[PDB]
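The structure under discussion appears below in the form of structure tokens.
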Amino acid sequence: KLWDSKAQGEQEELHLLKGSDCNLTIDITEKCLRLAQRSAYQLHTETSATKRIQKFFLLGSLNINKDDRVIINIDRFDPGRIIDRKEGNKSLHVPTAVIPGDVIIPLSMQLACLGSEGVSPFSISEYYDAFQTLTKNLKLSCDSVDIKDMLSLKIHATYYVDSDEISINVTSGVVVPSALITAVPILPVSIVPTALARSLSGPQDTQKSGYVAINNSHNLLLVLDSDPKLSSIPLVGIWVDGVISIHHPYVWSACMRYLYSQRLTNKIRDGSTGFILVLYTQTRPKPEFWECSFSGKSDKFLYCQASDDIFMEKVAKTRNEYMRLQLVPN
């Protein structure tokens, strides 16, 4: 045995939305929706044979509240640019300017023909391809763990304009990995007191994470997520700093990242054997140790949509009105 796996506390079940009661909240500022409708109507009037389906992007920020409540605050519309790689004749549709920290939400909107009770948001023809691309990015990324790389959200909006007001039915849908991480508190393991370990047990509310290596003396060495030795060094887990508890969604995101990464080719401890998590919480001077395991289906995902009507005055009252959407999964 590489270390002692005896449980020192209650088991915990990890998932992205566990702390948030499986609920994902979306707040969209009525101003950015109004800009989206304006652009859609211009497009819809610039050509007459093309059916009215506009292609835009919305831009948001990811925020996590007092009680681990995940909220996406979408407040910027960006019509986007078209670029041509010349691989295929069809031109490509891309956001205007991808900002680091921006949640990119593809926005499709169309004027409803007569009446559409059935709502199909984030259809499989486009959402499915987008989510395949998303998980492909999640498998190969070398960057720090980012909660934004863990979900793919799209919005379909059906709108109508009359002389008095603009009315819009907004259906917003998201997909995300379903994997639950089983976590068991375990007894502390000796860590080589390197400079990283000393700075880690020391004192900003910025999350950071890394990976866990082992040396000849069977002592644990903490490693940065940017260390080039990671490609073949034997890895047994991760370290995470800067959260209040294990229920913070950043922890589930880091666990998923460790399990999925194919840049780490020497993961001698994984989900079947159990791997180590060194958690440097903000409420304790020393880290907590957990053994994590997973045994279910690897490529299964959670998804859902929400929809609501909104009625807007033609004149944008100088308010900060917004629309709140929740998560109602299948």
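Residue numbering for the sequence shown is 13 to 215, 222 to 348, as defined by the deposited numbering.
Even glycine gets a Cβ: it sits at the ideal position worked out from N, Cα and C.
Rounded to a whole number of angstroms, what is the C-alpha to C-alpha distance between residue i and residue j?
i           : j           : result
residue 344 : residue 31  : 15 Å
residue 299 : residue 78  : 16 Å
residue 234 : residue 204 : 11 Å
residue 227 : residue 191 : 20 Å
residue 193 : residue 265 : 11 Å
residue 29  : residue 267 : 7 Å
residue 34  : residue 270 : 13 Å
residue 157 : residue 242 : 12 Å
residue 258 : residue 247 : 19 Å
residue 53  : residue 172 : 9 Å
residue 202 : residue 26  : 25 Å
residue 308 : residue 237 : 17 Å
residue 44  : residue 72  : 10 Å
residue 164 : residue 143 : 6 Å
residue 317 : residue 147 : 9 Å
residue 211 : residue 141 : 42 Å
residue 61  : residue 88  : 30 Å
residue 126 : residue 174 : 15 Å
In chain order, what residues of the same chain have a beta carbon less than 7 Å from the beta carbon of residue i, not counting five sequence neighbours either side?
i           : result
residue 224 : 260
residue 149 : 161
residue 280 : 151 and 152
residue 93  : 106 and 108
residue 200 : 307
residue 128 : 170
residue 334 : 43 and 46
Are the CB atoms of residue i and residue j nearer to each other than 8 Å?
i           : j           : result
residue 283 : residue 250 : yes
residue 91  : residue 51  : yes
residue 306 : residue 42  : no
residue 137 : residue 168 : no
residue 123 : residue 46  : no
residue 66  : residue 74  : no
residue 110 : residue 116 : yes
residue 275 : residue 37  : no
residue 40  : residue 86  : yes
residue 291 : residue 262 : no
Grab me the residues of residue i's own chain with a C-beta within less than 6 Å of its C-beta, minus the 5 sequence neighbours each way, in chain order.
i           : result
residue 208 : 240
residue 245 : none
residue 23  : 196
residue 153 : none
residue 183 : 131, 133, 168, 323 and 325
residue 139 : 166
residue 327 : 181
residue 21  : 197
residue 81  : 32
residue 114 : 71
residue 49  : 171 and 178
residue 297 : 258, 305 and 306
residue 272 : 157, 227, 256 and 258
Can you list, in chain order, the residues of its chain with a C-beta nearer than 8 Å to that of residue i? Leave out the 5 residues immediately preceding and following it.
i           : result
residue 287 : 14, 253, 254, 255, 293 and 294
residue 289 : 277, 310, 311, 312 and 313
residue 332 : 176, 177 and 178
residue 347 : 34, 320, 321 and 322
residue 95  : 103, 104 and 106
residue 69  : 89, 90, 91, 92, 107, 108, 116, 117, 118 and 119
Looking at the C-beta of residue i, does it have a partner C-beta in chain B at a distance below 8 Å?
i           : result
residue 267 : Reference to chain B is not applicable here, since this structure consists of a single protein chain.
Entirely enclosed alpha helix (DSSP H) segments - the region 69-136, minimum 4 residues: List check, alpha helix (DSSP H) in window: nothing returned.
Measuring CB atoms only, is the region 90-101 touching the region 173-191, in the sense that at least three cross pairs come out at less than 8 Å? No contact exists between the region 90-101 and the region 173-191.
List in chain order: all unbroken beta strand (DSSP E) runs of 3+ residues lying wholly within the region 246-304. Fully contained in the region 246-304 are the following beta strand (DSSP E) runs of length 3 or more, in chain order: 255-261 and 293-299.
For a minimum of 3 consecutive residues, which ranges assigned as the beta strand (DSSP E) are wholly contained in the region 318-348? Counting whole runs of 3 or more residues, the region 318-348 contains the beta strand (DSSP E) stretches 319-331 and 340-343.
In chain order, which continuous runs of the beta strand (DSSP E) of length 3 or greater are located wholly inside the region 136-201? Within the region 136-201, the runs of beta strand (DSSP E) that reach at least 3 residues and sit entirely inside it are, in chain order, 164-173, 177-189 and 193-197.
Quick check on the DSSP output: what are the complete beta strand (DSSP E) runs of length 3 or more inside the region 21-50, in order along the chain? Correct list: 24-26 and 37-41.
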